[PDB]
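This document starts with one chain, in the form deposited without thymidine-5'-diphosphate, laid out as structure tokens.
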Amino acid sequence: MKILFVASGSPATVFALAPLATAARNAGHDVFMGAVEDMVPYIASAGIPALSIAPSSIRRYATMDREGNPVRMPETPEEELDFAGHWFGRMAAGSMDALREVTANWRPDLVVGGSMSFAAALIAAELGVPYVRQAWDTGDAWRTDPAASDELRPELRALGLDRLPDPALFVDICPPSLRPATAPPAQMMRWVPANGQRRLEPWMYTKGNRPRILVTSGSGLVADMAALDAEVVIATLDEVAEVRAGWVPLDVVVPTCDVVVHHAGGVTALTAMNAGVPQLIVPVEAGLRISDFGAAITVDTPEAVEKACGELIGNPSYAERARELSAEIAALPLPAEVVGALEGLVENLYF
């Protein structure tokens, strides 16, 4: 069947949705993944047919309201969520022209979107096909969703809807022990790496006698790690790689690490959670939860990062929490199994 993936939220949605897209394709479905223009190279290099559904400036443009007015800044934690919902709502609105044009020529039987990919929902409703939502669930939907519905009222009333329609299925990649205690039941999935590649070098898959530290990514720690006889790897852009620097396949290299140092960016977090390597977060809501679990530390200077690093290598609990989380994750339904549930949403309906 034809399956349209829509990754219109944050840039990190692409990488979150990639393994399910890969599995659908690998089960012989025709899969296209659409996203903001600047995400298209990442989709394509992961080996998924890739569509551009909005120009790159949409992110900056969607911070203005739909009548070109600037929008005041949120003033409370709740307003922050509401304003994000309007923002995601405007990103969705600006994906619709492309999605309508694509779907007039290639009509999906099913639409899968990311956590905040509301264009997935509208286009699914417009076509009258089942809608699936995949998230690393944080229990924010109850807040972000009415606000997005708010924003998309012209489009929803065109479909005679009051609010955005519920997905026919919710897929959660957040590990059980990190899920919000009042979260509704969900279809679990093990996120696994799905991304572009280059030729491997020996050092990338060699374990080594000494500790290996990964820092991602370049835009007092090294002195500390030198005092641990540790191998320090920095993931960076090729041209700035002028300590081991340059392109790093996270999937290949993370498992050979004892620590991964990264910013609140989703990819490393996911790779490290699945591989079971302790993390050091330098600020997202995910990290906080992995920290609360003790598989990671979230810091505040290079001094804070230095001490956090030594704790995570010296205190053996952080690694032990990372391993058990990894074990839990390894028991979750594989992307290929979840493909089985997607196929059921299209068949398996009452006549």
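One-based numbering along the sequence shown.
Only in words, not in the display: the form solved in complex with thymidine-5'-diphosphate, which the text now covers.
Using a 2.4 Å cut-off against backbone and C-beta atoms, thymidine-5'-diphosphate, superposed onto this form from its pose in the deposited bound form, places 3 or more atoms that close, and the site is blocked. With thymidine-5'-diphosphate left out of view, the stretch that reaches within 4.5 Å of it through heavy atoms in the deposited bound form is, among 273 to 281, 229 to 237, 97 to 105, 119 to 127, 229 to 237.
Taking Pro180, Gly196, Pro165, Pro211 one by one, only a single residue has any non-hydrogen atom within 4.5 Å of thymidine-5'-diphosphate in the deposited bound form, and it is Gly196. Between the options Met189, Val267, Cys257, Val132, the residue in contact with thymidine-5'-diphosphate in the deposited bound form by a heavy atom within 4.5 angstroms is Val267. Residue contact with thymidine-5'-diphosphate in the deposited bound form: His263 places a heavy atom within 4.5 Å of it. The shortest heavy atom separation between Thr216 and thymidine-5'-diphosphate in the deposited bound form is within 4.5 Å. Although the partner is absent here, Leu250 is a contact residue: one of its heavy atoms lies within 4.5 angstroms of thymidine-5'-diphosphate in the deposited bound form. When thymidine-5'-diphosphate is considered in the deposited bound form, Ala12 lines it closely, a heavy atom lying within 4.5 Å.
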